[PDB]
Amino acid sequence: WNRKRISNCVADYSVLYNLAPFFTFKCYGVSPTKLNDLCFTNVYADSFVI
Amino acid sequence: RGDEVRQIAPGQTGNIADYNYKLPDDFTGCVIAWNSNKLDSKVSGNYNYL
Amino acid sequence: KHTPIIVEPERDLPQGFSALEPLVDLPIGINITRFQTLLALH
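One line per chain: the protein sequences are C, B and A, in this order. In terms of the deposited numbering, the first sequence opens at residue 353 and continues consecutively. In terms of the deposited numbering, the second sequence opens at residue 403 and continues consecutively. Reading the third sequence from the start, the letters are residues 206 to 210, 212 to 214, 214A to 214C, 215 to 245 in the deposited numbering.
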């Protein structure tokens, strides 16, 4: 487990969308393209191999 | 490029849609796409598409 | 919640009413099933 409490950031999902290697992308609860219009109290990021 | 042909759809938002070509909200019609390496790929790379 | 209490009977709670307020939230996110107190010893 490598959960990261990301803080002191701007959620610049534009450059994340510009990121090339990451291919598959989906969201649940919100539309996939709405990430750029969201604010978060805390950011919980997890990385795994599936 | 292939991985973002999913981007071009009504109501969707993306770089190509934001800056190049996007469908109207009330659009009706059809979309077709297919592979083109046999006719457009080039050794050492092409440069006619910008 | 914190309070000073003085009462004559012992081994019984002081009847009445109280309240609590939010203090701390933590993102730890772990399956916890047990706990134990921590005392100072000498």
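Positions of the beta carbon are idealized from the N, C-alpha and C atoms, including for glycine.
Got a sec: is the Cβ-Cβ distance from residue i to anything in chain A below 7 Å?
{"i": "residue 394 (chain C)", "result": "yes"}
What residue range does the beta strand (DSSP E) around residue i cover?
{"i": "residue 396 (chain C)", "result": "395–397"}
{"i": "residue 358 (chain C)", "result": "356–358"}
State yes or no: is the C-beta of residue i within less than 7 Å of the C-beta of residue j?
{"i": "residue 365 (chain C)", "j": "residue 388 (chain C)", "result": "yes"}
{"i": "residue 415 (chain B)", "j": "residue 385 (chain C)", "result": "yes"}
{"i": "residue 357 (chain C)", "j": "residue 230 (chain A)", "result": "yes"}
{"i": "residue 360 (chain C)", "j": "residue 399 (chain C)", "result": "no"}
{"i": "residue 217 (chain A)", "j": "residue 210 (chain A)", "result": "yes"}
Note the first and the last residue of the continuous alpha helix (DSSP H) segment covering residue i.
{"i": "residue 440 (chain B)", "result": "439–442"}
{"i": "residue 420 (chain B)", "result": "417–421"}
{"i": "residue 370 (chain C)", "result": "365–370"}
Determine, for residue i, whether the minimum Cβ-Cβ distance to residues of chain C falls below 7 Å.
{"i": "residue 427 (chain B)", "result": "no"}
Check your understanding: Of all the residues that make up the stretch 353–378 of chain C, which are near chain B by a beta-carbon distance shorter than 8 Å?
Key -> 369, 370, 375: these are the residues of the stretch 353–378 of chain C whose beta carbon lies less than 8 Å from some beta carbon of chain B, given in chain order.
Between the stretch 410–421 of chain B and chain C, which residues of the former have a C-beta closer than 8 Å to a C-beta of the latter? Hits within the stretch, in order: 414, 415, 416, 417.
The stretch 216–233 of chain A: positions lying closer than 8 Å to chain C by Cβ: Per Cβ criterion, the list reads 230, 232.
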